[PDB]
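Have a look at the structure below, then the notes.
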Amino acid sequence: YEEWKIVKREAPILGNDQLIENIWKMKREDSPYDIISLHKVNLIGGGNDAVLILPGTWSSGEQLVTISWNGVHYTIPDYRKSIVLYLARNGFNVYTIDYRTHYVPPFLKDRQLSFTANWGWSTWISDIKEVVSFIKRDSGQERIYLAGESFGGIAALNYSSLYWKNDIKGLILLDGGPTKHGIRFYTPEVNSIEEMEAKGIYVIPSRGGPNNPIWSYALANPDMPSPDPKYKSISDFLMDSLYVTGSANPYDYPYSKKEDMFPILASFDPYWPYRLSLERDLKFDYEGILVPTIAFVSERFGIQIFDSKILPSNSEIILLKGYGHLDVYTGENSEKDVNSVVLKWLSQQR
Ligand SMILES: [Ca+2]
Ligand SMILES: [Ca+2]
Ligand SMILES: [Ca+2]
């Protein structure tokens with residue numbers, strides 16, 4: 001349990017052979033599935049500094065680097081469309097974490113998932129801490145840049161509220177952070193910890209991931225019939241389902257593409273613990289965080305949901321006009337609107 005063990009050493013990234021990946025794994029407690037992992041990406045010959053990116057719900061560090069799940073590949077990553085690869089190409093040591101969710105078998109159900117009952121904030125925060133400690137030694141930085149996507153932005157802020165003084169020198173929120181008072185991709189099956197155990201429902205399933213091969217089928221066969229007869233094709237149905245949820249804008253700028261969206265949905269982890277959301281009770285102190293911050297907010301999703309008032313005083317807020325949630329993370333226009341802007345912001349800190 002104690003140590004990080006190397007599992008992939010100096011491995012070139014598919015479609016990006018100037019970039020290399022290292023992966024380490026750490027056993028945690030107390031079930032066989034309590035494992036975390038850490039990915040590092042840098043240019044051949046080395047990168048500098050340290051940026052850690054926290055994935056969002058059902059996401060993983062693996063997804064953030066190779067748009068894959070357990071080595072199952074759905075596409076070839078484009079560094080222009082990937083914050084991790086883009087920052088690594090531009091000279092940074094970039095790291096990203098596989099949460100414990102990345103080790104859950106997709107076929108488990110109901111009470112077989114009871115080992116996730118205490119996958120709450122102290123667990124997640126402890127796992128992020130182990131990664132940060134490793135990064136400091138690996139990169140040589142006393143403090144790091146911490147980025148977060150969606151849920152990962154809340155995680156970044158929560159982590160920072162506890163450890164910013166010794167660990168964090170800059171925050172990058174990519175459509176993620178505390179949401180507004182009572183802000184209403186699932187309808188909750190449980191509403192408390194007691195109900196979770198009473199009903200034996202410990203996780204929220206993804207509508208993508210290994211248990212939903214529809215996305216991958218539809219990328220290869222986009223003109224097949226729609227399961228919902230309102231639409232002319234399966235791809236039409238799936239892309240419009242993303243539109244309706246504020247996840248994509250297929251119809252106007254930034255012109256979300258199935259080639260970008262379907263691989264993301266396909267490569268998610270199957271399950272996410274209820275415990276994190278059921279600990280809405282826990283108060284984190286965001287008042288003292290004196291860290292330079294850049295926050296990106298999608299017009300079609302984030303502005304409606306995310307609360308700007310609770311962020312550090314520094315914060316530069318970038319509104320992404322036309323964007324759905326997932327457009328923040330992929331697509332050819334994300335290079336101009338997100339990735340290059342994060343790089344420029346980082347250059348202003350140095
Ligand atoms: Ca140092
Ligand atoms: Ca399916
Ligand atoms: Ca077809």
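In the structure tokens, chains take the letters A, B, ... in the order shown, each chain's residues start at 1, and ligands count up from 1 in the order shown.
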Return as an MDAnalysis selection string the full set of residues in stretch 109-238 of chain A whose backbone-based DSSP assignment is helix (DSSP H, G or I).
-> chainID A and resid 110:116 121:139 151:167 193:199 214:220 234:238
Hey, what's within 9 Å of residue A:314 if we count only C-alpha atoms and toss same-chain stuff fewer than 5 positions away? As a ChimeraX atom specification, please?
-> /A:290-294
Could you report the residues within 8 Å of ligand 3, using only C-alpha atoms and all ligand atoms, as a ChimeraX atom specification?
-> /A:218,220-224
Find the spatial neighbours of residue A:124, counting only C-alpha atoms, within a cut-off of 10 Å - ignore same-chain residues fewer than 4 positions away - and output them as a list in words.
->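 Answer for this query is residues 36, 99, 100, 118, 119, 120, 128, 129, 155, 159 and 276 of chain A.
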Find the residues near ligand 2. Use a cut-off of 8 Å, count only C-alpha atoms and all ligand atoms, and write them as a list in words.
->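 Using only C-alpha atoms and all ligand atoms, everything at most 8 Å from ligand 2 comes to residues 211, 212, 213, 214 and 215 of chain A.
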Name each residue within 10 Å of ligand 1, counting only C-alpha atoms and all ligand atoms, as a ChimeraX atom specification.
-> /A:49,136-143
Using only C-alpha atoms, which residue out of A:256, A:57, A:114, A:247 lies closest to residue A:333?
->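 Distance minimum relative to residue A:333 lands on A:256.
When only C-alpha atoms are used to measure the gap to residue A:282, the shortest distance among A:149, A:122, A:299, A:306 belongs to A:122.
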